[PDB]
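1. Kindly generate the corresponding structure for this input.
(5 chains, ligands or ions: 1)
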Amino acid sequence: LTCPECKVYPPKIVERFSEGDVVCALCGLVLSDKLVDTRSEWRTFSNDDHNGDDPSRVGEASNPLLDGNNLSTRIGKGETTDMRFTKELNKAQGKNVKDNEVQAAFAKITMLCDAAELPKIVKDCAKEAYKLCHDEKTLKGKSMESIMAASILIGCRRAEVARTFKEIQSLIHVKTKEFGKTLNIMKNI
Amino acid sequence: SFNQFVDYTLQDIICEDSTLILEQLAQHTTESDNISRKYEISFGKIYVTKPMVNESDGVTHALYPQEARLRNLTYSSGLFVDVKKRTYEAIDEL
DNA sequence: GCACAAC
RNA sequence: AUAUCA
DNA sequence: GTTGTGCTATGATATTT
Ligand SMILES: [Zn+2]
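-> Numbers count the residues shown, from 1 in each chain, chains lettered A, B, ... in the order given. The coordinates are given below.
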């Protein structure tokens, strides 16, 4: 936005949220009137409503960085439900199910962090380190259980969670010199 | 109420279903078949420390109620259980 | 948990 | 979602 | 005869993931 009347290069404008207006601080011209509360709007996606009574709660938050954009609900039991139709509609989801399956290597990272007592911020860095280096030609053919063992120390080394390489050698697995070279070809990327 | 749950109830919850076993019985063709095994996993005494905290830099130390309220931590203590893993085997009852 | 509406 | 207000 | 299907006071305010 830039005031149509004034036009000074550093466009000094204020967001008078309380009056729901966007004003030019110099001439006072209102540049916009429709203005939305982003906090409360975000409350509609990530709420505390797990029961299902909130009429405001109408969407859900996702993580486009880690799981791409895979929107998908799950057939489950409701109040008035026969245990028959749940099974059929779930047995029908089985026929509809390669790299769209290597996302189960996130389940390998998640089950490793929880076995290593690691926080929720470390898993999401280990999952982003693994997604951006598992199909690299720079890693080529490294021990596939030692490149995800190296991306956990990459996620810990940014989230400030102290984990020695010998601490991850105890988890899995690690071949020392094998997951030490792999911890460097990724570090360049 | 809570004390009764920690001193008694907790142990009995660890001991009701408790032990779980997995049996691997062979095809009885010939070696390396004809080997029937049963593995055990058992849960004994349950321990419970004084409240502690696991900081980001590995170090674990005691945690008082005031530090919990200020650093928004949880005033929890560690649950430890004695585990035992037995192994058994038979050929093609004992 | 109503109370009335259709199978 | 709880608590609450007349 | 049984099942099955709508709804069940007005507004307000304060936290908790
Ligand atoms: Zn202006």
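2. so residue 44 is in which element?
-> In the absence of a named chain, this looks at chain A. Assessed by DSSP states H and E, residue A:44 sits outside every helix and strand.
3. that's the wrong chain, I meant chain B
-> Take DSSP H and E as the rule and residue B:44 turns out to sit in strand B:36-54.
4. what's that strand packed up against?
-> Where contact means 3 or more Cβ pairs under 8 Å, 6 or more residues apart in numbering or on different chains; DSSP states H and E, strand B:36-54 is packed against helix B:10-15, strand B:20-24, strand B:60-62, strand B:77-84, strand B:87-90. For the C-beta atoms, the positions are set from N, CA and C on the backbone; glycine is no exception.
5. now the angle from that strand to strand B:77-84?
-> 160 degrees (axes from the mean of the first three to the mean of the last three Cα atoms, to 10 degrees).
6. For strand B:36-54, buried residues please.
-> B:36, B:43, B:46, B:51, B:53 (16 or more other Cβ atoms under 10 Å in any protein chain shown).
7. So what are the sheet partners of it and their directions?
-> Next to strand B:36-54 in the sheet, as set by DSSP bridges, lie strand B:20-24 (antiparallel), strand B:60-62 (antiparallel), strand B:77-84 (antiparallel), strand B:87-90 (antiparallel).
8. which residue is nearest the centroid of chain A?
-> residue A:63 (3.4 Å; Cα atoms, centre = their mean).
9. OK, contacts around it?
-> Contacts for residue A:63 (Cβ atoms under 8 Å, 6 or more residues apart in numbering or on different chains) come out as residue A:124.
10. Secondary structure of it: a helix, I assume?
-> No - membership of residue A:63 in a helix is not supported by DSSP: H, G, I helix; E, B strand; the rest coil, which gives coil.
11. List the contacts of residue A:165.
-> Residue A:165 makes contact with A:153, A:174, A:179, A:180, A:183 under the criterion Cβ under 8 Å, 6+ apart.
12. Give the buried subset of the residues you listed as a PyMOL selection command.
-> Selecting only the buried entries of the contacts of residue A:165 in PyMOL, with 16+ other Cβ under 10 Å as the criterion:
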select buried, chain A and resi 153+174+179+183
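13. okay if I get the contacts of residue A:165 as a markdown table plus distance to residue A:142?
-> Formatted as a markdown table, these follow (distance: Cβ to Cβ, whole Å):
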| residue | distance to residue A:142 |
| --- | --- |
| A:153 | 15 |
| A:174 | 12 |
| A:179 | 8 |
| A:180 | 11 |
| A:183 | 10 |
